[PDB]
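Participant: One structure coming up, written as C-alpha cells, with questions to follow.
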Protein chains: 2
Amino acid sequence: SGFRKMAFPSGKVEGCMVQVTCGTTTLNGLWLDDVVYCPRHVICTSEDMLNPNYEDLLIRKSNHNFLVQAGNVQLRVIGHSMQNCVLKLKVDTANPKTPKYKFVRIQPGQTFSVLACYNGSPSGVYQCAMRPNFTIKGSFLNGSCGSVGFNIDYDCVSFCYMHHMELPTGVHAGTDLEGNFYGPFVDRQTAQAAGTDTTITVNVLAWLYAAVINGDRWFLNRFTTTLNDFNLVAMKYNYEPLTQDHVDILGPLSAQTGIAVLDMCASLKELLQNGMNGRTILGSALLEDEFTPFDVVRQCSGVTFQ
Amino acid sequence: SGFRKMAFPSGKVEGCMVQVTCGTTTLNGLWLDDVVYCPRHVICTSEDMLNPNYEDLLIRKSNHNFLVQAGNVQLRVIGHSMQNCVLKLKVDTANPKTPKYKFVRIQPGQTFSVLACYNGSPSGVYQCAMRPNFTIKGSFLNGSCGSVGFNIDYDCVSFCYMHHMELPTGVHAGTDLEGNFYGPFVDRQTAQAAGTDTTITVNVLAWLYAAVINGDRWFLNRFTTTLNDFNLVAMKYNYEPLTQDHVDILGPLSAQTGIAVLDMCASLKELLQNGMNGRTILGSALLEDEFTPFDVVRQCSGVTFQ
Ligand SMILES: O=C(c1cc(=O)[nH]c(=O)[nH]1)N1CCN(c2ccc(Br)c(Cl)c2)CC1
Ligand SMILES: O=C(c1cc(=O)[nH]c(=O)[nH]1)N1CCN(c2ccc(Br)c(Cl)c2)CC1
C-alpha cells in the first residue's frame, strides 16, 4: 500500500538524449534511429528571438553549423530539415539503444513522465499532467529545452512532449514530437499568456478512490447525486464537467471499492462546498488532480513493464 | 523555474534488477558484479514466517534451490551466503551493466529515489525521505521486496535501501545493502510498530527557501528569532530541533535569497502558531518536509549527472 507521485523508469529514454549546439546556443536533442529531434529555436540568436523567420534562418545554415554530441562521441550531421516547430537532424550513425517507440499527442488531463536534461545529460525524472489550458506545471531551468515527456506502454515508449519554453507565469509550454505546439503558443520570445486553468474532475475522483483503497474513508457519505446535479456544482468551482465516458473509465475503481461513481461524486460535492476542515486525504490538504484513473490502477493494483 | 518531487534517473539501476525465486516465493534481486543481493526472507515458507531460524533454513538449501532470472537469461547460482538480513547469491556471470557503485547508510531526514520492481522488472520511480522513526512512506504492493533505494553522486550510484516489509500502519521498513535494518525492526511476520514520527525541520526550511526562489513570499515577515526561542516552539509542534549545523547547511539558500536562516525561522514560527489561513506554498496547503537543502539547490540552481 501507499501512494506516491510515481514516474516511469527512465532508462530507455536516457540512452536517447544528446546535446545539440548551433553557434553559441546549446540544448537537448532526442536521438532515435539516425534522426536527432530538437526545438527549432536552437537556430535563433538574440536578434531573431522577438520575430524569427525560421525559413530564412534555416536556409542560411549548413550541416557543419550543427554540433551533436552523444556523451563524448560526436555525431556527424549529414542532413537537416524542419517539421513544424521541431528540427530534424539526420546523422551518420543510428542510435543502437533506440527503443521501440511511437509519437503520440496526448489530451488535457493525461499524465506523463518528464526526463529533465541539461547539456544532453539526464538530471531528474518527474510526473506531471497536461493542464486543461495546454500548459504543464514543470520544473525546468535554463538549458532544459528539448527535454522530453513520455509514457511507457508495455515495452514501447510513447513520446508525447518536447519542452520549448517557460511562460511568464512560471508554467511551461512545448510541442508534440511532430512539432505541433500544445496550446495557442508560438516559439518566439513575445509576451504570451495561458488561458485560465480548471481542475481535472475525473482525476480528483480517481484520487479519492486511491484514498479509499489506502484506508482514508472519512469523506464518504451515504448520499448520491446525478451527473447533472454534480456538474452544476462543479461548474461553480472551476471544475471540468463530468461525462458518462468518465464514469465508465472509473468503473474498475468503483468495482474494487464497491463505491459507485455517483456516490463518490456526492462526497466530492460536499468537499467542494464545506472544505476539508483541517483533515487530509493521502497526506494532502488539497484535492489532487494530477493522477489519472489508469495511474491509480497501476499503483493500487500493479502493472510492471519489460 | 517550478518545483517538483524529482527522482534520480533510474537507468543505471534498471540494468541491475533480477528476479529471485526460492521454492514458491519470488522477489527482486540486485545484481552487481557476480553477486545477487536480496532479502533473506525469500527462504521462508508459511510455517517459518512467524519465528524463522535463518541459519537452519539456509543450511537446508543448495545452490540449485535458487532460481535467478535476468529478463530471459538464467543465471547459475554457484554459491550462497548470508550477511545480516541480506542473502548474497554468487552467480557464474558478472553483470556487464554494473555501474560504479557504493553502499551507504543514510540518516533520518535524507532523501533517496526508490525503483519499485515486480518480478525483476522496474515499474516506477519515486522520491522519498527516511523518516525520523526509520520508516519510509513508500508505495509498494505484493511482490516488491528487494526493490532498492539509491542516490546518484556524479557518475556513482549510492545504494542505501533494500525493501523488506510493510508495517501494519502502511509504512515501509528495510535494510541498508549490508543487511542492517533501518530502525528497531526484524524480518519476521510479527506485530511491530514504528515509533512516533516527527517533522524534519531543516527540510521544511529548505522548502520555504524554494518557495521564495519561485516567487511565493506571502509568509515572510521582518522579525527574527534565536535558535533556542525557535526550538522551544518547534518542540511543542513535534518538530525536530534545529542545530547550528542545520543553519550552515542552509547557507547557500540564505545567500541566494538574501534571507537569513533565523529570519526564515521566525516565518516558520508564525506558520506553526497561526496556520496558512487557506493560502498555499508551492501548491501545497501543508508544510512539506521531504526535500533536503541539497534537493532544493539541485532543482533551483541546477546539477546534472553523467
Ligand atoms: O532554457 C531555457 C529555459 C526553459 C525553461 O523552462 N525555463 C528557464 O528558465 N529557461 N530557455 C528559455 C527559452 N529560450 C528560448 C530561446 C529562443 C526562443 Br525563439 C524561445 Cl521561444 C525560447 C531558450 C532558453
Ligand atoms: O511483497 C510483500 C509486500 C511488501 C509491501 O510493502 N507491501 C505489501 O503489500 N506486500 N510481502 C509482504 C512481506 N513478505 C514477508 C515475507 C516473509 C517475512 Br519473514 C517477512 Cl518479514 C515479510 C513478503 C511479501
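Convention: chains lettered A, B, ... in C-alpha cells order; per-chain residue numbering from 1; ligands numbered from 1 as shown.
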Neighbours of ligand 1 within 9 Å, counting only C-alpha atoms and all ligand atoms, as a PyMOL selection string?

Facilitator: (chain A and resi 25-27+39-46+48-52+118+138-146+163-167+170-173+186-190) or (chain B and resi 1-2)

Participant: From a DSSP calculation on the backbone, collect every residue of segment 62-298 of chain B in strand (DSSP E) and output the set as a PyMOL selection string.

Facilitator: chain B and resi 66-70+73-75+77-83+86-91+101-103+111-118+121-129+148-153+156-166+172-175

Participant: Filtering to C-alpha atoms, could you give me those residues as an mmCIF file, in the first residue's frame?

Facilitator:
```cif
data_model
loop_
_atom_site.group_PDB
_atom_site.id
_atom_site.type_symbol
_atom_site.label_atom_id
_atom_site.label_comp_id
_atom_site.auth_asym_id
_atom_site.auth_seq_id
_atom_site.Cartn_x
_atom_site.Cartn_y
_atom_site.Cartn_z
ATOM 1 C CA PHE B 66 17.703 -20.586 -6.060
ATOM 2 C CA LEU B 67 16.356 -19.569 -9.478
ATOM 3 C CA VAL B 68 17.747 -16.220 -10.688
ATOM 4 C CA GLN B 69 16.473 -14.700 -13.947
ATOM 5 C CA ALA B 70 17.760 -11.544 -15.649
ATOM 6 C CA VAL B 73 18.723 -15.197 -19.245
ATOM 7 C CA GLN B 74 19.009 -17.652 -16.362
ATOM 8 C CA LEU B 75 21.928 -17.022 -14.008
ATOM 9 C CA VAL B 77 23.953 -19.837 -8.712
ATOM 10 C CA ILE B 78 27.409 -21.160 -7.801
ATOM 11 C CA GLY B 79 27.386 -20.120 -4.133
ATOM 12 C CA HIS B 80 25.337 -18.522 -1.405
ATOM 13 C CA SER B 81 25.894 -16.804 1.918
ATOM 14 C CA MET B 82 24.019 -14.637 4.391
ATOM 15 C CA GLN B 83 25.120 -11.188 5.537
ATOM 16 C CA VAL B 86 20.528 -9.934 3.172
ATOM 17 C CA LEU B 87 21.228 -13.039 1.102
ATOM 18 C CA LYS B 88 24.269 -12.879 -1.195
ATOM 19 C CA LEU B 89 23.964 -15.233 -4.183
ATOM 20 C CA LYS B 90 27.191 -15.705 -6.121
ATOM 21 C CA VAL B 91 26.451 -16.311 -9.810
ATOM 22 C CA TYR B 101 28.500 1.981 -7.062
ATOM 23 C CA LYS B 102 28.915 2.090 -3.321
ATOM 24 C CA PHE B 103 26.886 1.004 -0.299
ATOM 25 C CA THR B 111 16.062 11.578 0.706
ATOM 26 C CA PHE B 112 16.579 8.966 -1.994
ATOM 27 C CA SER B 113 14.906 7.561 -5.082
ATOM 28 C CA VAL B 114 13.084 4.224 -4.984
ATOM 29 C CA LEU B 115 12.907 1.962 -8.034
ATOM 30 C CA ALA B 116 9.780 -0.097 -7.381
ATOM 31 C CA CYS B 117 10.048 -3.501 -9.073
ATOM 32 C CA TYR B 118 7.920 -6.605 -9.556
ATOM 33 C CA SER B 121 11.061 -5.733 -13.810
ATOM 34 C CA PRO B 122 11.089 -1.989 -12.997
ATOM 35 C CA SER B 123 7.620 -0.486 -12.514
ATOM 36 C CA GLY B 124 8.092 3.102 -11.317
ATOM 37 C CA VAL B 125 10.461 5.544 -9.687
ATOM 38 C CA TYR B 126 9.676 7.944 -6.859
ATOM 39 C CA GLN B 127 11.415 10.100 -4.254
ATOM 40 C CA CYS B 128 11.014 9.685 -0.507
ATOM 41 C CA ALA B 129 12.692 10.530 2.785
ATOM 42 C CA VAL B 148 16.156 -0.665 -3.899
ATOM 43 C CA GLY B 149 16.624 2.964 -2.961
ATOM 44 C CA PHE B 150 19.534 4.980 -4.300
ATOM 45 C CA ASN B 151 21.142 8.356 -4.805
ATOM 46 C CA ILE B 152 23.344 9.336 -7.754
ATOM 47 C CA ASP B 153 26.536 11.257 -6.976
ATOM 48 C CA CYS B 156 28.361 6.838 -8.900
ATOM 49 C CA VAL B 157 25.211 5.099 -7.651
ATOM 50 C CA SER B 158 24.994 5.077 -3.847
ATOM 51 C CA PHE B 159 22.660 2.260 -2.824
ATOM 52 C CA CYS B 160 21.095 2.979 0.561
ATOM 53 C CA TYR B 161 17.919 0.916 0.921
ATOM 54 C CA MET B 162 16.531 -2.512 0.136
ATOM 55 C CA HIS B 163 12.839 -3.090 0.778
ATOM 56 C CA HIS B 164 11.807 -5.885 3.181
ATOM 57 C CA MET B 165 8.313 -5.341 4.574
ATOM 58 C CA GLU B 166 5.250 -3.206 5.163
ATOM 59 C CA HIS B 172 7.653 0.519 4.995
ATOM 60 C CA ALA B 173 10.816 -0.890 6.511
ATOM 61 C CA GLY B 174 14.035 -2.276 5.117
ATOM 62 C CA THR B 175 17.792 -2.546 5.391
#
```

Participant: May I ask which of the residues A:219, A:38, A:197, A:105 is the closest one to residue 275 of chain A, counting only C-alpha atoms?

Facilitator: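 Nearest candidate to residue 275 of chain A out of A:219, A:38, A:197, A:105: A:219.
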
Participant: Sorted by chain and rising residue number, list the residues of chain A at most 12 Å from ligand 2 (counting only C-alpha atoms and all ligand atoms), each with its closest atom pair and distance in Å to one decimal, as a tab-separated table.

Facilitator:
```
residue	atom	partner	partner_atom_place_in_ligand_line	distance
A:1	CA	ligand 2	9 (O)	5.6
A:2	CA	ligand 2	6 (O)	8.5
A:3	CA	ligand 2	6 (O)	11.5
A:214	CA	ligand 2	9 (O)	11.0
A:299	CA	ligand 2	9 (O)	11.7
A:300	CA	ligand 2	9 (O)	10.1
A:301	CA	ligand 2	9 (O)	10.4
A:302	CA	ligand 2	9 (O)	10.8
```

Participant: Give the answer as one residue: which of A:64, A:76, A:4, A:100 has the shortest atom-to-atom distance to residue 33 of chain A, using only C-alpha atoms?

Facilitator: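 Smallest separation from residue 33 of chain A among the options: A:100.
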
Participant: Record the distance separating atom CA of residue 193 of chain A and atom CA of residue 284 of chain B, expressed in Å with one decimal.

Facilitator: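 Computing it gives 23.5 Å between the two atoms.
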
Participant: Which is closer to residue 243 of chain A than all the others in A:225, A:8, A:202, A:280, using only C-alpha atoms?

Facilitator: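 Among the listed residues, A:202 lies closest to residue 243 of chain A.
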
Participant: Determine the nearest neighbour of chain A from the options B:85, B:249, B:17, B:58, counting only C-alpha atoms.

Facilitator: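 Among the listed residues, the smallest separation from chain A belongs to B:17.
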
Participant: What does the distance between atom CA of residue 14 of chain B and atom CA of residue 293 of chain A come to in Å, to one decimal place?

Facilitator: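 Pair atom CA of residue 14 of chain B / atom CA of residue 293 of chain A returns 26.0 Å.
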
Participant: For chain A, which of B:132, B:215, B:179, B:258 is the closest residue, counting only C-alpha atoms?

Facilitator: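 Selected residue with least distance to chain A: B:215.
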
Participant: Of the candidates A:29, A:109, A:251, A:283, which shows the shortest atom-to-atom distance to chain B, using only C-alpha atoms?

Facilitator: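 Of the candidates, the smallest distance to chain B is held by A:283.
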
Participant: One decimal, Å: what's the distance from atom CA of residue 222 of chain B over to atom CA of residue 169 of chain A, could you say?

Facilitator: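 Distance reported for this atom pair: 26.6 Å.
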
Participant: DSSP on the backbone: what in segment 132-276 of chain A comes out helix (DSSP H, G or I), as a ChimeraX atom specification?

Facilitator: /A:201-213,227-236,244-249,251-257,261-274

Participant: May I have the residues within 12 Å of residue 242 of chain A as JSON, numbers by chain, using only C-alpha atoms and disregarding those fewer than 5 positions away in the same chain?

Facilitator: {"A": [199, 200, 201, 202, 203, 204, 205, 226, 227, 228, 229, 230, 231, 232, 233, 234, 235, 247, 248, 249, 250, 261, 262, 265]}

Participant: Need to verify the contact set: residue 30 of chain B, 6 Å, only C-alpha atoms, exclusion of same-chain residues closer than 4 positions in sequence. Can you return it as a VMD selection string?

Facilitator: chain B and resid 16 to 17 36 to 37

Participant: Just write the chosen residues, N, CA, C and O atoms, as a tab-separated table (two decimals), in the first residue's frame.

Facilitator:
```
chain	number	residue	atom	x	y	z
B	16	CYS	N	20.38	-3.57	-13.24
B	16	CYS	CA	20.84	-4.43	-12.17
B	16	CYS	C	19.74	-5.25	-11.52
B	16	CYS	O	20.04	-6.08	-10.65
B	17	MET	N	18.48	-5.06	-11.91
B	17	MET	CA	17.39	-5.74	-11.24
B	17	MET	C	17.17	-7.12	-11.86
B	17	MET	O	17.13	-7.25	-13.09
B	36	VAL	N	24.31	-11.46	-6.46
B	36	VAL	CA	22.91	-11.03	-6.41
B	36	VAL	C	22.53	-10.85	-4.95
B	36	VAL	O	22.72	-11.77	-4.13
B	37	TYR	N	22.02	-9.67	-4.60
B	37	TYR	CA	21.58	-9.36	-3.24
B	37	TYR	C	20.06	-9.38	-3.17
B	37	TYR	O	19.40	-8.85	-4.07
```
